[PDB]
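Numbering (the working numbering), first residue to last: 693 to 896. For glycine and all other residues, C-beta sits at the position ideal for the given N, C-alpha and C. Single-structure report; data block below.
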């Protein structure tokens with residue numbers, strides 16, 4: 693029981709320590725005055741609740757940045773792409789909001805798992821839990837990591853469509869909104885990360 697539990701925890705222990713260090717670093721970073729383009733001069737206030745949350749809350753912005761490994765070039769590029777979108781019915785504002793929400797909620801759920809799985813809690817799992825339960829928690833943490841990386845890949849791919857001028861989207865923000873919607877809206881779903889986190893939290 694104890695021997696098997698230790699092996700499972702060792703699959704994720706080193707990674708959790710590294711993530712905890714990198715999350716701390718990110719929290720300490722000073723945000724540029726222009727917020728990487730995520731500001732009210734490029735995104736109209738009072739159009740979408742999630743856009744508004746991003747405009748109002750530096751903590752949510754920091755979560756969003758960390759969801760993309762604080763890759764400043766990638767963040768800026770996505771922000772400038774999203775700022776070009778348009779639509780006849782303001783649907784694009786909902787989609788922009790969905791993108792922001794998806795990033796900060798996945799990162800938030802991920803950070804909650806890292807924060808819960810302290811070295812003390814890892815020790816508690818090895819000593820006190822059935823191996824079936826430890827394996828489930830360990831595999832769930834890895835699933836949460838994958839959700840995070842699939843999100844990063846969605847963003848890479850959206851940027852990819854813009855770079856490729858898919859459907860002529862470089863020259864037309866309405867087409868851009870539709871390309872992003874058709875290509876990626878179905879894939880944007882932070883609820884899965886929330887479910888995985890719940891499955892980690894419950895046994896604990």
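Quick test of your reading: residue i and residue j, contact by CB under 8 angstroms. State the CB separation rounded to the nearest angstrom.
i, j, result
"residue 739", "residue 782", "6 angstroms"
"residue 875", "residue 853", "6 angstroms"
"residue 784", "residue 777", "4 angstroms"
"residue 708", "residue 806", "6 angstroms"
"residue 830", "residue 703", "6 angstroms"
"residue 728", "residue 696", "That belief does not hold up - the Cβ atoms of residue 728 and residue 696 are roughly 45 angstroms apart, past 8 angstroms."
"residue 787", "residue 877", "6 angstroms"
Roughly how many whole angstroms lie between the Cα atoms of residue i and residue j?
i, j, result
"residue 712", "residue 816", "19 angstroms"
"residue 694", "residue 868", "54 angstroms"
"residue 849", "residue 858", "11 angstroms"
"residue 812", "residue 824", "20 angstroms"
"residue 714", "residue 759", "12 angstroms"
"residue 779", "residue 719", "35 angstroms"
"residue 814", "residue 768", "37 angstroms"
"residue 821", "residue 810", "15 angstroms"
"residue 771", "residue 705", "34 angstroms"
"residue 898", "residue 866", "Because the chain is modelled from 693 through 896, residue 898 falls outside the range shown and cannot be assessed."
"residue 762", "residue 700", "29 angstroms"
"residue 722", "residue 750", "11 angstroms"
Inspect the beta-carbon positions of residue i and residue j and report whether they are closer than 9 angstroms.
i, j, result
"residue 735", "residue 747", "yes"
"residue 742", "residue 790", "yes"
"residue 808", "residue 698", "no"
"residue 798", "residue 754", "no"
"residue 828", "residue 895", "yes"
"residue 730", "residue 792", "yes"
"residue 833", "residue 796", "no"
"residue 885", "residue 836", "yes"
request  = Examine the Cβ distances between the stretch 884-891 and the stretch 799-806 and report whether three or more of them are shorter than 8 angstroms.
outcome  = Touching, yes, given that three or more Cβ pairs across the two stretches are closer than 8 angstroms.
Original post:
Quick one: complete beta strand (DSSP E) runs, 3+ long, within the stretch 784-865?
Top reply: None, since the stretch 784-865 contains no complete beta strand (DSSP E) of that length.
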